[PDB]
Amino acid sequence: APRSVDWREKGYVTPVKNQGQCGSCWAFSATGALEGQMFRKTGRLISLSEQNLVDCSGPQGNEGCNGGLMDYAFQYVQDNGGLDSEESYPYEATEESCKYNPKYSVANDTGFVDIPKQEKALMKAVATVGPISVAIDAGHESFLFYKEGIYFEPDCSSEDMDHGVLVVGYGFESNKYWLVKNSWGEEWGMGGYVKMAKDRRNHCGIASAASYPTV
Ligand SMILES: NC(N)NCCC[C@@H](NC(=O)[C@H](CSCc1ccccc1)NC(=O)Cc1ccc(-c2ccccc2)cc1)C(=O)N[C@@H](Cc1ccc(O)cc1)C(=O)NCCc1ccccc1
């Protein structure tokens with residue numbers, strides 16, 4: 001695999017979004033991954049609707065602003081036969097009634113792949129598939145106060161992850177890190193991104209729950 005990868009360079013990633021005070025990170029992580037896969041398949045980058053996922057993927061196991069999984073989101077899209085665009089189905093940061101409209105569907109998937117729980121495997125996926133959905137332990141104030149540099153939290157857990165984010169690449173500094181897209185707005189961290197310790201024994205469990213939708 002390459003020494004470094006940054007899918008933002010090839011137009012696979014939309015601008016940073018903000019989930020607000022709602023446990024919908026799994027939804028933003030899911031749309032981020034689909035946005036990347038739909039781009040590789042059609043050459044068109046279209047911001048997807050997290051709200052659509054929040055209001056309708058309950059049957060698949062998601063709990064709106066109370067949490068969920070990226071995989072459940074992917075499963076919903078497959079079951080649903082589509083997913084509305086961010087433009088047609090705006091984000092409200094609160095659970096509402098399902099308002100899915102197939103006429104505005106701009107994305108779709110035929111399932112998902114769960115990556116082996118190894119950083120080595122996550123690297124291959126990132127290098128050969130595009131942005132990957134992952135979960136990390138972001139429950140420390142060090143993460144809340146993150147501004148710049150390679151994020152390393154000594155008290156991080158590789159077992160219990162509580163924040164779904166998006167890996168858009170990886171690299172090293174002149175020391176290795178994963179390029180992670182968060183959904184807390186562009187004012188947090190590095191323009192909404194965070195460089196997290198890579199090859200430091202699955203730091204914060206970044207490779208424990210990795211996956212992506214198949215298009
Ligand atoms: N321990 C487990 N697991 N608990 C479940 C967690 C539920 C849900 N995730 C959240 O609620 C996240 C937790 S972030 C860390 C934090 C921990 C403590 C205090 C405070 C902050 N909240 C947010 O991002 C909200 C948010 C917080 C802060 C600012 C912000 C930004 C700048 C300045 C000031 C404030 C802006 C926005 C969630 O569903 N997370 C998923 C992540 C995941 C994990 C594995 C995976 O494979 C995919 C996704 C999850 O844990 N899912 C497993 C649980 C589940 C399953 C089905 C249905 C419901 C819940």
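Reading the values: rules and limits
Residues numbered from 1 in each chain as written, not as in the entry; some residues may be left out. Heavy atoms only, no water. Disulfide = S-S within 2.5 Å. Helix = DSSP H or I, 4+ residues; strand = E, 2+ residues; numbered from the N terminus. Buried < 20%, exposed > 50% of the residue type's maximum accessible area, 1.4 Å probe, protein only. Salt bridge = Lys/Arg side-chain N within 4 Å of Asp/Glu carboxyl O. 1 Å grid on protein atoms, 1.4 Å probe; cavity = no way out; pocket = protein on both sides within 12 Å on 5 of 7 lines; lining within 4 Å. Points joined across faces, edges and corners; volume = space filled by probe spheres on them. Nonpolar A, V, L, I, M, F, W, Y, C, P; charged D, E, K, R; others polar. Near = heavy atom within 4 Å. Polar contact = N/O pair within 3.5 Å; in protein donor to acceptor, adjacent residues only side chain to side chain. Areas by Shrake-Rupley, 256 points an atom, 1.4 Å probe, with all protein chains shown as cover.

Structure determination for the deposited model, as stated in its record, used X-ray crystallography, and the stated resolution is 2.200 Å.

Caption draft 1: A look at the state of the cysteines. Tallied over the full model, the rule gives three disulfides. Two residues share a disulfide in this structure: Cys56 and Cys98, whose sulfurs sit 2.0 Å from each other. Taking the torsion about the sulfur-sulfur bond, which here is approximately 95°, the covalent link between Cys56 and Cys98 counts as right-handed. Here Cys56, found in helix α2 (residues 50-56), pairs with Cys98, found in the loop between β2 (83-84) and β3 (105-107); they are 42 residues apart in sequence, far enough to count as distant.

Caption draft 2: Layout of helix α4 (residues 119-129). Every buried residue of α4 is listed here: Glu119, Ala121, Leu122, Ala125, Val126, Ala127 and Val129. With its phi angle positive at about 125°, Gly130 sits one or two positions after the end of α4.

Caption draft 3: Quick look at the pattern of salt bridges. This structure, assessed with the given rule, holds seven salt bridges. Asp199 serves as the salt-bridge partner of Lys198, at 3.0 Å between the closest nitrogen and oxygen. A relative accessible area of 4% means that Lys198 is categorised as buried. One connected set of salt bridges, linked through shared partners, spans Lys17, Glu35, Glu50 and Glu86.

Caption draft 4: Just empty space enclosed by the protein, in detail. By volume, the largest cavity amounts to about 100 Å³. Taken together, 14 residues make up the lining of the largest cavity; nearest its centre are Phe28, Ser29, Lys181, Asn182 and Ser183. Breaking the lining of the largest cavity down by element, the ones donating at least two residues are α1 (25-42) and β7 (163-172). Per element, the largest residue contribution to the lining of the largest cavity is six residues, and it comes from α1. Across the lining of the largest cavity, the residue classes break down as four nonpolar, six polar and four charged.

Caption draft 5: Inspection of the site of the ligand at higher detail. Lining the immediate surroundings of the ligand are 21 residues, of which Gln19, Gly67, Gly68, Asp162 and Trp184 lie closest. Here a nitrogen atom of the ligand sits 3.1 Å away from a polar atom, N or O, in the main chain of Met161. In this structure, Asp162 approaches the ligand through a main-chain N or O atom, which is 3.0 Å from a nitrogen atom. Contact with the protein chains hides 58% of the accessible area of the ligand, taken as 1,200 Å² for the molecule alone. A class-by-class count of the residues in the shell around the ligand yields nine nonpolar, ten polar and two charged.

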